[PDB]
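Shown below: my_file19.csv, with CSV, C-alpha atoms and all ligand atoms.
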```csv
chain,number,residue,atom,x,y,z
R,6,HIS,CA,100.4,102.5,61.9
R,7,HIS,CA,100.8,103.6,58.3
R,8,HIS,CA,104.5,104.4,58.7
R,9,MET,CA,107.2,102.5,56.8
R,10,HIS,CA,109.6,100.7,59.1
R,11,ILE,CA,112.6,98.5,58.5
R,12,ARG,CA,113.1,95.2,60.3
R,13,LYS,CA,114.9,91.9,60.0
R,14,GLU,CA,113.0,89.2,58.1
R,15,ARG,CA,111.1,86.5,59.9
R,16,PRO,CA,110.4,83.0,58.4
R,17,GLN,CA,106.9,84.0,57.7
R,18,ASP,CA,108.1,86.7,55.2
R,19,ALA,CA,109.8,84.3,52.7
R,20,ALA,CA,107.1,84.1,50.1
R,21,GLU,CA,106.4,87.9,50.1
R,22,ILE,CA,110.2,88.7,50.0
R,23,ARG,CA,110.5,86.5,46.9
R,24,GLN,CA,107.4,88.1,45.3
R,25,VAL,CA,108.9,91.6,45.7
R,26,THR,CA,112.3,90.4,44.5
R,27,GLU,CA,110.8,88.8,41.4
R,28,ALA,CA,108.6,91.8,40.7
R,29,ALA,CA,111.6,94.1,40.9
R,30,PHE,CA,113.8,92.0,38.6
R,31,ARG,CA,111.2,90.9,36.1
R,32,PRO,CA,111.9,93.8,33.6
R,33,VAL,CA,115.6,93.9,34.3
R,34,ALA,CA,117.0,93.0,30.9
R,35,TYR,CA,120.1,91.1,32.0
R,36,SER,CA,118.4,89.3,34.8
R,37,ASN,CA,117.9,85.6,34.5
R,38,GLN,CA,115.2,85.9,37.1
R,39,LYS,CA,117.1,83.9,39.7
R,40,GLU,CA,117.3,86.6,42.4
R,41,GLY,CA,114.4,85.2,44.3
R,42,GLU,CA,115.9,81.7,44.0
R,43,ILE,CA,119.2,83.1,45.2
R,44,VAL,CA,117.7,84.6,48.4
R,45,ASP,CA,115.9,81.4,49.2
R,46,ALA,CA,119.1,79.3,48.5
R,47,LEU,CA,121.2,81.6,50.8
R,48,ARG,CA,118.6,81.1,53.5
R,49,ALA,CA,118.5,77.4,53.0
R,50,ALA,CA,122.3,77.3,53.3
R,51,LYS,CA,122.4,79.5,56.5
R,52,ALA,CA,124.4,82.0,54.4
R,53,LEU,CA,121.8,84.8,54.5
R,54,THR,CA,123.8,86.8,57.0
R,55,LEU,CA,121.3,89.7,57.1
R,56,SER,CA,117.9,90.1,55.5
R,57,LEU,CA,115.9,93.3,56.0
R,58,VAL,CA,112.5,94.3,54.8
R,59,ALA,CA,110.8,97.7,54.5
R,60,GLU,CA,107.2,97.2,55.6
R,61,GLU,CA,104.2,99.5,55.4
R,62,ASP,CA,100.6,98.6,56.2
R,63,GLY,CA,101.8,95.0,56.6
R,64,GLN,CA,103.1,94.8,53.1
R,65,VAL,CA,106.8,94.2,52.2
R,66,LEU,CA,107.8,97.2,50.0
R,67,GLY,CA,111.5,96.3,49.7
R,68,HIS,CA,114.1,93.8,50.7
R,69,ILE,CA,117.9,93.5,51.0
R,70,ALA,CA,120.2,90.5,51.4
R,71,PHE,CA,123.8,90.3,52.6
R,72,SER,CA,125.9,87.2,52.5
R,73,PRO,CA,129.6,86.3,53.2
R,74,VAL,CA,132.1,86.5,50.4
R,75,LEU,CA,135.4,84.7,50.4
R,76,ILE,CA,138.6,86.5,49.5
R,77,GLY,CA,141.3,84.2,48.2
R,78,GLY,CA,139.2,81.4,49.7
R,79,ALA,CA,139.3,82.9,53.2
R,80,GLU,CA,136.7,84.2,55.5
R,81,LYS,CA,137.9,87.8,56.4
R,82,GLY,CA,134.7,89.5,57.6
R,83,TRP,CA,133.7,90.7,54.2
R,84,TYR,CA,130.1,90.5,52.8
R,85,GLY,CA,128.4,91.0,49.5
R,86,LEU,CA,125.3,93.2,49.2
R,87,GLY,CA,122.6,91.8,46.9
R,88,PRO,CA,120.0,91.5,45.8
R,89,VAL,CA,118.3,94.7,46.9
R,90,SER,CA,114.7,95.0,45.6
R,91,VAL,CA,112.0,97.6,45.9
R,92,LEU,CA,108.4,97.2,44.4
R,93,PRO,CA,108.5,99.0,41.1
R,94,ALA,CA,105.6,101.4,42.1
R,95,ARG,CA,107.5,102.5,45.2
R,96,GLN,CA,110.9,103.1,43.7
R,97,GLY,CA,112.5,106.5,43.7
R,98,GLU,CA,111.3,107.4,47.1
R,99,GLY,CA,114.4,106.5,49.1
R,100,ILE,CA,113.3,103.0,50.2
R,101,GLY,CA,116.3,101.3,48.7
R,102,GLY,CA,118.7,103.9,50.2
R,103,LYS,CA,117.2,103.4,53.6
R,104,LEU,CA,117.5,99.6,53.4
R,105,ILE,CA,121.1,99.8,52.2
R,106,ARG,CA,122.1,102.3,54.9
R,107,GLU,CA,120.4,100.3,57.6
R,108,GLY,CA,121.9,97.0,56.4
R,109,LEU,CA,125.4,98.5,56.3
R,110,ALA,CA,125.0,99.9,59.8
R,111,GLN,CA,123.9,96.5,61.1
R,112,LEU,CA,126.9,94.8,59.5
R,113,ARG,CA,129.3,97.3,60.9
R,114,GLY,CA,127.6,97.0,64.3
R,115,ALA,CA,128.2,93.3,64.2
R,116,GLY,CA,131.9,93.5,63.6
R,117,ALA,CA,132.1,93.2,59.8
R,118,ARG,CA,135.2,94.4,58.0
R,119,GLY,CA,133.6,95.4,54.8
R,120,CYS,CA,131.1,95.1,52.0
R,121,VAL,CA,131.3,94.6,48.2
R,122,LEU,CA,128.7,94.8,45.5
R,123,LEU,CA,128.2,94.8,41.7
R,124,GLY,CA,125.9,97.4,40.3
R,125,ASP,CA,125.2,100.9,39.0
R,126,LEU,CA,128.3,103.1,38.5
R,127,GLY,CA,127.2,106.0,40.7
R,128,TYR,CA,124.3,105.2,43.0
R,129,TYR,CA,126.2,103.4,45.7
R,130,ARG,CA,128.7,106.2,46.2
R,131,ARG,CA,126.3,107.8,48.6
R,132,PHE,CA,127.0,104.9,51.0
R,133,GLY,CA,130.7,105.2,50.7
R,134,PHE,CA,131.3,102.5,48.1
R,135,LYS,CA,134.3,103.1,45.9
R,136,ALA,CA,135.4,101.5,42.5
R,149,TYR,CA,133.9,95.4,38.5
R,150,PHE,CA,133.4,95.3,42.3
R,151,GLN,CA,132.6,98.4,44.4
R,152,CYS,CA,133.9,98.3,47.9
R,153,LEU,CA,133.2,99.8,51.3
R,154,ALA,CA,135.8,99.1,54.0
R,155,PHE,CA,134.8,99.4,57.6
R,156,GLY,CA,138.5,99.4,58.7
R,157,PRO,CA,141.5,98.6,56.5
R,158,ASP,CA,141.1,98.5,52.7
R,159,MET,CA,139.8,95.3,51.1
R,160,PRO,CA,142.5,92.6,51.2
R,161,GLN,CA,143.7,91.3,47.9
R,162,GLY,CA,142.4,88.0,46.4
R,163,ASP,CA,139.7,86.5,44.2
R,164,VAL,CA,136.3,87.5,45.4
R,165,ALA,CA,133.9,84.6,45.6
R,166,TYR,CA,130.2,85.0,46.4
R,167,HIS,CA,128.3,82.1,47.9
R,168,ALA,CA,127.5,79.1,45.7
R,169,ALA,CA,123.8,80.3,45.7
R,170,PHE,CA,124.8,83.0,43.3
R,171,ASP,CA,126.2,80.2,41.0
K,201,LIG,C1,123.9,95.3,44.4
K,201,LIG,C2,122.6,94.9,43.8
K,201,LIG,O1,121.7,94.4,44.4
K,201,LIG,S1,122.3,95.4,42.1
K,201,LIG,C3,120.6,95.0,41.7
K,201,LIG,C4,119.7,96.1,42.2
K,201,LIG,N1,118.3,95.8,42.1
K,201,LIG,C5,117.6,95.8,40.9
K,201,LIG,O2,118.2,96.1,39.9
K,201,LIG,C6,116.2,95.4,40.9
K,201,LIG,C7,115.3,96.5,40.3
K,201,LIG,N2,115.5,97.8,40.9
K,201,LIG,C8,115.1,98.1,42.2
K,201,LIG,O3,114.5,97.3,42.9
K,201,LIG,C9,115.4,99.5,42.7
K,201,LIG,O4,115.6,100.4,41.6
K,201,LIG,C10,116.6,99.6,43.6
K,201,LIG,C11,116.6,98.6,44.7
K,201,LIG,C12,117.9,99.4,42.8
K,201,LIG,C13,116.7,101.0,44.2
K,201,LIG,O5,115.6,101.2,45.0
K,201,LIG,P1,114.9,102.6,45.2
K,201,LIG,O6,113.9,102.5,46.4
K,201,LIG,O7,114.3,103.1,43.9
K,201,LIG,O8,116.2,103.5,45.6
K,201,LIG,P2,116.2,105.1,46.0
K,201,LIG,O9,114.9,105.7,46.0
K,201,LIG,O10,117.1,105.2,47.2
K,201,LIG,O11,117.1,105.7,44.7
K,201,LIG,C14,116.8,105.4,43.4
K,201,LIG,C15,117.0,106.7,42.6
K,201,LIG,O12,115.7,107.6,43.0
K,201,LIG,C16,116.3,109.0,43.5
K,201,LIG,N3,115.4,109.5,44.5
K,201,LIG,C17,114.9,108.8,45.5
K,201,LIG,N4,114.2,109.6,46.3
K,201,LIG,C18,114.1,110.8,45.7
K,201,LIG,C19,113.5,112.0,46.0
K,201,LIG,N5,112.7,112.2,47.1
K,201,LIG,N6,113.7,113.1,45.2
K,201,LIG,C20,114.5,113.0,44.1
K,201,LIG,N7,115.1,111.8,43.8
K,201,LIG,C21,114.9,110.7,44.6
K,201,LIG,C22,117.5,108.6,43.9
K,201,LIG,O13,118.5,109.7,44.1
K,201,LIG,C23,118.0,107.5,42.8
K,201,LIG,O14,118.5,108.2,41.6
K,201,LIG,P3,120.0,108.5,41.2
K,201,LIG,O15,120.8,107.2,41.2
K,201,LIG,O16,120.0,109.1,39.9
K,201,LIG,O17,120.6,109.4,42.3
```

So, in terms of structure tokens, how does the structure I just supplied come out?
Amino acid sequence: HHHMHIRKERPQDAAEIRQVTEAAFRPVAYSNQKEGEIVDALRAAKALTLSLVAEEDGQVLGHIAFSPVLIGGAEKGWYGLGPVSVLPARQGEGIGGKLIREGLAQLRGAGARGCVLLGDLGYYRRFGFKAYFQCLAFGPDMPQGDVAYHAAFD
């Protein structure tokens, strides 16, 4: 019962998810510390498409959010990945990678057409993202058009 496992969030997790998110982003120099707010706003708007936690000994160690993105104003089965957050002390152990791979697998399994993200130049290549935006297509390549994240992201 000391094993880490990944599962979908439940309503009872909201405070802890936000605590982990805010801890992860607190020292991030370009962060305006809105990532916790964003997750909660996505949830409030029913736009938190997928929300997974990594849990061990009843504690949330990490979290990932996915939400729909519009392309040229249209819903085309594309999602944005983020935020993803792991407790600072438990980073560099593969938790983030496990959350990302599992989240992508669940999106694909539910009929998604692709995922986009903004982030580190090289890290996300291990999940198939290719290069602003990085993109992972589950079928045809990403259709052209302005990418808009949900209003929660501002
Ligand atoms: C799209 C977005 O959401 S961008 C915003 C991302 N989130 C943040 O910036 C918040 C602060 N940062 C974090 O919370 C974390 O650093 C995250 C979520 C980005 C990554 O979570 P982690 O659990 O540390 O991810 P993970 O362990 O899979 O990989 C991190 C690095 O540790 C390395 N690593 C992990 N496990 C091992 C291991 N057993 N041996 C050697 N290296 C390892 C990884 O290769 C990676 O380094 P690399 O990019 O040079 O290859």

Around ligand LIG 201 (chain K), which protein and nucleic acid residues have at least one atom no more than 6 Å from it, if we count all atoms listed in the file? List them as a list in words.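 Those within range of ligand LIG 201 (chain K) are residues 29, 30, 86, 87, 88, 89, 90, 91, 96, 97, 98, 99, 100, 101, 102, 122, 123, 124 and 128 of chain R.
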
Calculate how many Å separate CA of residue 35 in chain R from CA of residue 22 in chain R, rounding to one decimal. 20.7 Å

Which residue gives the smallest distance to residue 94 in chain R among R:25, R:11, R:19, R:58, with only C-alpha atoms counted? R:25

Can you list, as a list in words, every protein, DNA or RNA residue that comes within 6 Å of range 116-119 of chain R when you count all atoms listed in the file, leaving out same-chain residues fewer than 3 positions away?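 Here the answer would be residues 82, 83, 112, 113, 153, 154 and 155 of chain R.
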
For residue 9 in chain R: contacts at 8 Å, all atoms listed in the file, fewer than 4 positions along chain excluded, given as a PyMOL selection string: chain R and resi 59-62

For residue 43 in chain R, the nearest of the candidates R:28, R:23, R:156, R:135, counting all atoms listed in the file: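 Closest residue, counting all atoms listed in the file: R:23.
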
I want to know what sits within 8 Å of residue 71 in chain R, based on only C-alpha atoms, with residues of the same chain fewer than 3 positions away left out; could you give that as a PDB file with C-alpha atoms, in the frame of the given file?
```pdb
ATOM      1  CA  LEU R  53     121.800  84.800  54.500  1.00  0.00           C
ATOM      2  CA  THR R  54     123.800  86.800  57.000  1.00  0.00           C
ATOM      3  CA  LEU R  55     121.300  89.700  57.100  1.00  0.00           C
ATOM      4  CA  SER R  56     117.900  90.100  55.500  1.00  0.00           C
ATOM      5  CA  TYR R  84     130.100  90.500  52.800  1.00  0.00           C
ATOM      6  CA  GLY R  85     128.400  91.000  49.500  1.00  0.00           C
ATOM      7  CA  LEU R  86     125.300  93.200  49.200  1.00  0.00           C
ATOM      8  CA  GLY R  87     122.600  91.800  46.900  1.00  0.00           C
ATOM      9  CA  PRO R  88     120.000  91.500  45.800  1.00  0.00           C
ATOM     10  CA  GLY R 108     121.900  97.000  56.400  1.00  0.00           C
TER      11      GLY R 108
END
```

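Candidate residues R:104, R:81, R:131, R:70 were compared for distance to residue 157 in chain R, and the nearest is R:81, using only C-alpha atoms.
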
Closest to residue 161 in chain R among R:47, R:125, R:114, R:78, using all atoms listed in the file? R:78

Just how far from CA of residue 36 in chain R is CA of residue 49 in chain R, in Å to one decimal?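 Taking CA of residue 49 in chain R as the start and CA of residue 36 in chain R as the end point, the length is 21.7 Å.
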
Could you check which of R:64, R:27, R:69, R:74 is closest to residue 52 in chain R, using all atoms listed in the file?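 Of R:64, R:27, R:69, R:74, the one nearest residue 52 in chain R is R:74, counting all atoms listed in the file.
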
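Taking CA of residue 109 in chain R as the reference point, CA of residue 92 in chain R is found at 20.8 Å.
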
Residue with smallest distance to residue 31 in chain R - pool R:152, R:168, R:18, R:93, counting only C-alpha atoms: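 Distance minimum relative to residue 31 in chain R lands on R:93.
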